[PDB]
Every structure is written in structure tokens, then in C-alpha cells.
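Close look at the chain arrangement
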Amino acid sequence: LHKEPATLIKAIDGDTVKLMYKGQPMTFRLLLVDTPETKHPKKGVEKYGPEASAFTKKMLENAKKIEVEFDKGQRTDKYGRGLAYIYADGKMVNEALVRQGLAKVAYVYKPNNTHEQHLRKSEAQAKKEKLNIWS
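Here is what the cut-offs are and how they apply
Residue numbers count from 1 along every chain, following the sequence as written rather than necessarily the entry numbering; any residue without coordinates is not displayed. Note that water and hydrogens are dropped before the side-chain values are worked out from all heavy atoms of the structure. Under the DSSP-based scheme used, a helix requires at least four consecutive residues in state H or I and a strand at least two consecutive residues in state E, with every element numbered from the N terminus. For every residue, the accessible area (1.4 Å probe, protein chains only) is compared with the maximum for its type, and the residue is labelled buried under 20%, exposed over 50%, or partly exposed between those bounds. Should any heavy atoms of two residues lie within 4.5 Å, those residues are counted as being in contact. Here the accessible surface of atoms and residues is derived via Shrake-Rupley with a 1.4 Å probe, and residues count as covered only by protein chains that are part of the display. UniProt positions are given in the numbering used here, feature names are shortened, and annotations may be inferred rather than shown by experiment. Nitrogen and oxygen atoms within 3.5 Å of one another constitute a polar contact, given that in protein one can donate a hydrogen and the other can accept it, and given that sequence-neighbouring residues count only through two side-chain atoms. Salt bridge, as applied in this entry: a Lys or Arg side-chain nitrogen positioned within 4 Å of an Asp or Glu carboxyl oxygen. When DSSP locates at least two bridges between a pair of strands, those strands are taken to pair.

Under the PDB entry, the name given to the protein is Staphylococcal nuclease, and the organism recorded is Staphylococcus aureus.

Structural data, given as C-alpha cells:
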């Protein structure tokens, strides 16, 4: 696994972001995490949805360097979104969301599961501290 540089274009949701990656605009979906929805009219704005989106936005907007990390499996989903681990100045947004209790560790599909243990460890901590989702 290796990181590649990307440039932010627009944060769309806690778990979905648009980046410029190798000269092309691309929508990225954050691997292994599910943040509460602000979009989908299924229901509307779930609780901590606006909070998760603001966290992702801020972390990405205030960064010096953004990097995308592809996992070992397929690199895009059926909607055409890149599937990756996103890093803001060396810190993984995916993990930070979970550690802050703003995201669940999603259903994991091998072999796209390399940082799974790390994230479930972070989700257990957030559960212990009863943060946001877990309170």
C-alpha cells in the first residue's frame, strides 16, 4: 500500500468527498466507515450527519497535504466512486471520524480490509468514551 497526492475540490458528506486525483475530478467514498447521512431522502438528515460532514470538511479544508491510499481490492465501487483511505497531513480521516464517534466501522469486504483492525480498535475506544453516536 502506498499514498498518492490529491487536491480537495469539495467535501460532500461525512463519508464522500470530491478530489482532484491525477488531473481528474473524482468522487471518493471513505473505505470501511459509515457516517450518518445528511443527504438521502430515505429519511433526511440523520443525527450527527451534519456533524460528521463538518468534521470531514474542516479536516480536509485546513490541511497542507491531502493523500489517497487505495486498498488491495477493487479501487472503485459500482457508482464509480474511488474507494480509499484519505489522509490529511498524515492523519487518516477515516480513523479520526471513528475515534470521534462520528462514524461506524462499515461492513467489510475482503480483500479491501487492510486497516480494519486499527479502525475497530478506534471504534471501541470511542464507544468506551461514549462519544457522539455512542452516548
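The next subject is the overall build of the protein. Counting its regular elements, the protein contains 3 helices and 8 strands. The N-to-C order of helical and strand elements in the protein reads β-β-β-β-α-β-β-β-α-β-α. Each principal axis of the C-alpha distribution contributes one length, and for the protein these read about 40 × 30 × 30 Å. Residues counted as buried form 44% of the 135 residues belonging to the protein. Within the protein, counting contacts between residues at least 6 apart in sequence, those at least 24 apart form 60% of the total. As presented, the protein carries roughly 7500 Å² of accessible surface, and 53% of it is formed by carbon and sulfur atoms.

Glancing now at the UniProt feature "binding site: Ca(2+)" in the protein. Per the UniProt entry, the sites bearing "binding site: Ca(2+)" are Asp-15, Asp-34 and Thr-35 in this numbering. A maximum C-alpha distance of 6.7 Å is found for the annotated residues, which run over 21 residues; spatially they form one tight group. Not counting residues within four places of it along the chain, the set of residues in contact with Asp-15 comprises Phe-28, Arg-29, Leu-30, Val-33 and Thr-35. With a relative accessible area of 6%, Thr-35 lands in the buried category. Once you skip the residues sitting within four places of it in the chain, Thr-35 turns out to touch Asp-13, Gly-14, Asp-15, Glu-46, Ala-52, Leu-97, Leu-102 and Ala-103. At 3.2 Å, the side chain of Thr-35 and the backbone nitrogen of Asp-15 are in polar contact.

Moving on, we get to the pattern of salt bridges. Per the counting criterion, the structure on display carries 9 salt bridges. Residue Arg-29 is joined to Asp-34 by a salt bridge in which the shortest nitrogen-to-oxygen separation is 3.0 Å. By relative accessible area, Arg-29 is classed as buried at 13%. On the basis of relative accessible area, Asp-34 is assigned to the partly exposed category, the value being 40%. The closest approach of N and O atoms between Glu-129 and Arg-99, which form a salt bridge, is 2.5 Å. Here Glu-129, found in the segment after helix 3 (116-128), pairs with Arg-99, found in helix 2 (residues 93-99); they are 30 residues apart in sequence, far enough to count as distant.

Each regular strand shows side chains that alternate between the opposite faces of the sheet. Inspection of the sheet shows strand 1 (residues 3-11) paired to strand 2 (residues 16-21) by 4 bridges, in the antiparallel sense. What sits directly across from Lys-10, in strand 2, is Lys-18. Here strand 1 folds back onto strand 2, and the loop between the two strands holds 4 residues.

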